[PDB]
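Visitor:
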Amino acid sequence: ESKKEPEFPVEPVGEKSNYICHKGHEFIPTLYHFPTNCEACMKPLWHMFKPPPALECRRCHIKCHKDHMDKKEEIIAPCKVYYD
Ligand SMILES: [Zn+2]
Ligand SMILES: [Zn+2]
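Quick note: the sequence shown uses PDB author numbering, first residue 1, plus one each step.
#1: For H33, does the three-state DSSP call read helix, strand or coil?
#2: Within the structure, which residues are defined as neighbours of ligand 1 by a Cβ-heavy atom distance below 6 Å, reported in chain order?
#3: Please look up how many angstroms separate the CB atoms of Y19 and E26, rounded, as I've assumed it's under 8 Å.
#4: Quick check: is any heavy atom of ligand 2 less than 7 Å from the C-beta of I28?
#5: Does ligand 2 have even one heavy atom less than 7 Å from the beta-carbon of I20?
#6: On a CA-only basis, which of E39, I76, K80 and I28 is nearest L55? Give me that one, please.
#7: Helix, strand or coil: which one does DSSP assign to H25?
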């Protein structure tokens with residue numbers, strides 16, 4: 001029944017996966033122990049020891065430190081897949 005290898009997926013918190021509503025963007029609270037790049041600014045998003053609360057988009061598939069939202073940075077842009 002299993003004859004299709006994935007591409008290294010990631011199953012975040014299933015208990016309570018909320019969604020950060022924003023300008024055409026619905027980010028999701030999750031962590032990334034692997035090298036993840038933020039969509040907002042141009043900095044690395046990840047951590048081997050203590051992974052910061054990263055927000056992944058449940059549409060175009062992106063990531064942005066929860067910090068950006070908590071700080072409200074204009075750098076963040078609207079989702080692209082939600083229009084094209
Ligand atoms: Zn950033
Ligand atoms: Zn998006």
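Each residue gets a CB set at the ideal place from its N, CA and C atoms; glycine is no exception.
Guide: The short version:
#1: coil
#2: Cβ-based neighbours of ligand 1 within the cut-off: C38, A40, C41, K43, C64, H65 and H68.
#3: 5 Å
#4: Not so, every heavy atom of ligand 2 lies at least 7 Å from the Cβ.
#5: Between ligand 2 and the CB of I20, the shortest heavy atom gap is not smaller than 7 Å.
#6: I28
#7: strand
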